[PDB]
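The form solved without adenosine-5'-triphosphate (ATP) is given below as one chain in C-alpha cells.
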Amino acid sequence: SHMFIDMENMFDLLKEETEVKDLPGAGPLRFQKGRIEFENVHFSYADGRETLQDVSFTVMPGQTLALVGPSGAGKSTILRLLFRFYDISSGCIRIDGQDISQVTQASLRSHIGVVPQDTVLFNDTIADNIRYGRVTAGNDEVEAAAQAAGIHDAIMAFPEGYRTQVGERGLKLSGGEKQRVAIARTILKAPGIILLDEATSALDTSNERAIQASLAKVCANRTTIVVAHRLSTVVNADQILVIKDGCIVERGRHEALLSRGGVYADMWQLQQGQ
C-alpha cells in the first residue's frame, strides 16, 4: 500500500528535518539591538529524548542572562540553538523579532561571538590566531585587540613577537594567555551578541580577577547569554535561569531568587557553609 510513496519526496523531507540548511531565498538577519526571545522552545533528538522542554525567556538588548543549575546538556543546548547549530523541535527563537531559522545562518553568525570553555589555538602565528575573530582585520586592529585583552605586552616578550608560532606545534601559552586570545578574537569580531560558556577550572586570584574583569568589559553593552560557574557572574546578571532536566524551574535576579527561598537559595546556602 506504500506502492504510492515517492522516494525522492521522502529524501526531500528527510533533508528538511535533519539538516540545518537556509530556507530558499532566506535574506540577512536585520540586526538592530540584539533582543533575544525563546518562545515555548522544545529540543528533542529522538522519541522520548527531550533535552529542553517548553523553554521561554526574553533577554532585552545589552542585558545579560546567566544559565545555572546542575550538570546537564540543557544549558549549553540553549547556546547551540541560538547559534542554530541544531534546529528546534518546536517553539520559536527570535532575534530582534525575527525567526532565526528563516534567515541566512551566515548572517545570523556574523552578529554572535562565542567564547567557549576551551580556547582552540591553531598551529599559526599569534597574530593570525587573534585575527581569526575577523579575518579581514589589519595588523593595527589585531594589535589594539591584543592591547585591550591585555596580552599585547606578553606577545612583545615572545621570541618572534606577533609572528610567534603558537598552538600545539608552537610556543606554549599559559591558561591566562589562552583565555585572553579568545577575548581578543571577540573584540575583533565586535558582535552584538555574546555566548559565553565559563570554564570550570580557575587561575590564580590575580589573573582570575583580571580575566573576569576583561570578560565583564567585552560583554558590556552587548546582549549576553552565559552558562555560568562563577558566583560573581551570577550575582551580577540581569536575569538568572535555573535549569533542571531541560526545564526552567525558577528565574529572576540574584537577590530576588535568594529571597524566594527555593532551589537557587538552597544552592547559595550550601556554597556559603555553616
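Take the two forms, superpose them, and find the largest set of C-alpha atoms that agree within 1.5 Å; that set is the rigid core. From 1 onward, residues are counted along the sequence shown.
> Would you say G246 is missing from a third or more of the other compared entries?
No: coordinates for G246 present in every compared entry.
> Is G48 one of the residues left unmodelled in a third or more of the other entries compared?
Yes; at least one third of the other entries leave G48 out.
> If you average the CA temperature factors as listed in the entry, which stretch comes out higher, 113-121 or 132-140?
Between 113-121 and 132-140, it is 132-140 that shows the higher mean C-alpha B-factor.
> Is the mean CA B factor in the deposited entry higher across 201-209 or across 224-232?
Going by the record's values, the stretch with the higher mean is 201-209.
> Which listed residue, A46, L65, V68, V249, has the largest C-alpha temperature factor in the record?
Max CA B-factor in the entry, restricted to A46, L65, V68, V249: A46.
> Which is it among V242, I36, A216, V41: the one with the largest CA B-factor in the entry?
That would be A216, according to the entry.
> Lowest, middle or highest third: where is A26 by Cα B-factor in its chain?
Highest third.
> Relative to the other modelled residues of the same chain, rank the CA B-factor of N9 and answer lowest, middle or highest third.
Answer is lowest: the recorded C-alpha B-factor places it there.
> Is the Cα B-factor recorded for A154 in the lowest, middle or highest third of its chain?
For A154, whose C-alpha B-factor we compare with every modelled residue in the chain, the answer is the middle third.
> Please place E50 in the lowest, middle or highest third of its chain by C-alpha B factor as given in the entry.
Ranked within chain, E50 CA B lands in the highest tercile.
> Among the chain's modelled residues, which third holds the C-alpha B-factor of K172?
Its C-alpha B-factor belongs to the highest third of this chain's values.
Keep in mind that the form deposited with adenosine-5'-triphosphate (ATP) bound is not shown, yet the notes after this line are about it.
> Say adenosine-5'-triphosphate (ATP) is put on the shown chain the way it sits in the bound PDB entry, by superposing the C-alphas near its site; is the site then open or blocked (3+ ligand atoms within 2.4 Å of backbone or C-beta)?
The site is blocked here, because adenosine-5'-triphosphate (ATP), transferred from its pose in the bound PDB entry, has 3 or more atoms within 2.4 Å of backbone or C-beta atoms.
> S76, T164, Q102, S89: which sits within 4.5 Å of adenosine-5'-triphosphate (ATP) in the bound PDB entry by any heavy atom?
So the residue touching adenosine-5'-triphosphate (ATP) in the bound PDB entry, by this definition, is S76.
> What is the one choice in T58, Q63, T51, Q212 with a heavy atom within 4.5 Å of adenosine-5'-triphosphate (ATP) in the bound PDB entry?
Contact with adenosine-5'-triphosphate (ATP) in the bound PDB entry is made by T51 alone.
> Since only the chain is shown here, I'm wondering whether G72 would be in contact with adenosine-5'-triphosphate (ATP) in the bound PDB entry (any heavy atom pair within 4.5 Å).
Contact check for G72: yes, within 4.5 Å of adenosine-5'-triphosphate (ATP) in the bound PDB entry.
> In the bound PDB entry, does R94 have a heavy atom within 4.5 Å of adenosine-5'-triphosphate (ATP)?
No, no contact at 4.5 Å.
> Answer for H152 alone: is it within 4.5 Å of adenosine-5'-triphosphate (ATP) in the bound PDB entry, judged on heavy atom distances?
No, no contact at 4.5 Å.
> Report whether the minimum heavy atom distance between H111 and adenosine-5'-triphosphate (ATP) in the bound PDB entry is within 4.5 Å.
Heavy-atom contact with adenosine-5'-triphosphate (ATP) at 4.5 Å: absent for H111.
> Thinking of adenosine-5'-triphosphate (ATP) in the bound PDB entry, which stretch from 64-72, 31-39, 203-211, 216-224 has heavy atoms inside 4.5 Å of it?
In the other structure, the partner sits against 64-72.
> Using the rigid core as the reference frame, would you say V20 shifts its C-alpha by 2 Å or more between this form and the one not shown?
Stays below the 2 Å threshold, so no.
> Would the C-alpha of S259 be classed as shifted by 2 Å or more between this form and the one not shown after rigid-core alignment?
No, its C-alpha moves less than 2 Å.
> Do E17 and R80 move together or apart in the bound PDB entry, judged by C-alpha distance changing 3 Å or more?
Pair moves closer in the bound PDB entry.
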